[PDB]
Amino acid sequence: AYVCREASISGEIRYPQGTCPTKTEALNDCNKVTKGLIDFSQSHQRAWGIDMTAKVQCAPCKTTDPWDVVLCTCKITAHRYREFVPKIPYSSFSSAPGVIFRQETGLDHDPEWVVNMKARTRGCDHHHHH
């Protein structure tokens, strides 16, 4: 059979000036892109598989500063990613529904799937029992 690998993709989500998301809502937003990616993967021959999980970090809001824009880094990890399938670019899915994160502040390039070459290969299909 084919082996999959772990992969992650990172992006930024910004908030309206003078506002402040709870960590909960930020993770929730981030999980909108999780769902988005699972749907795209799904309709694209499960290139990224369907097992994805999200973590998020935000800057502290400034209670004070009124033109404060809070930046969150959203990071989705795909657990049964097919590195043997051609690499799908951000340009192909940045419009897709749920895909609300964007190029990161300070980064001169787009969000990209990054394969974790240190993690152990795993099945491409999940098996619930045996």
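A residue's number is simply how far along the shown sequence it sits, counting from 1.
message: Test of understanding: from the entry's C-alpha B-factors, which stretch has the higher mean, 54-62 or 74-82?
response: The stretch with the larger average C-alpha B-factor is 54-62.
task: Compare the mean C-alpha B-factor of 118-126 with that of 7-15 as given in the PDB entry, and name the stretch with the higher value.
output: In the deposited entry, the stretch with the higher C-alpha B-factor mean is 118-126.
- request: Using the entry's values, work out which of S41, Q103, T34, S94 has the largest Cα B factor.
  value: Among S41, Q103, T34, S94, the highest C-alpha B-factor in the entry belongs to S41.
task: Please place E25 in the lowest, middle or highest third of its chain by C-alpha B factor as given in the entry.
output: For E25, the deposited C-alpha B-factor lands in the middle third.
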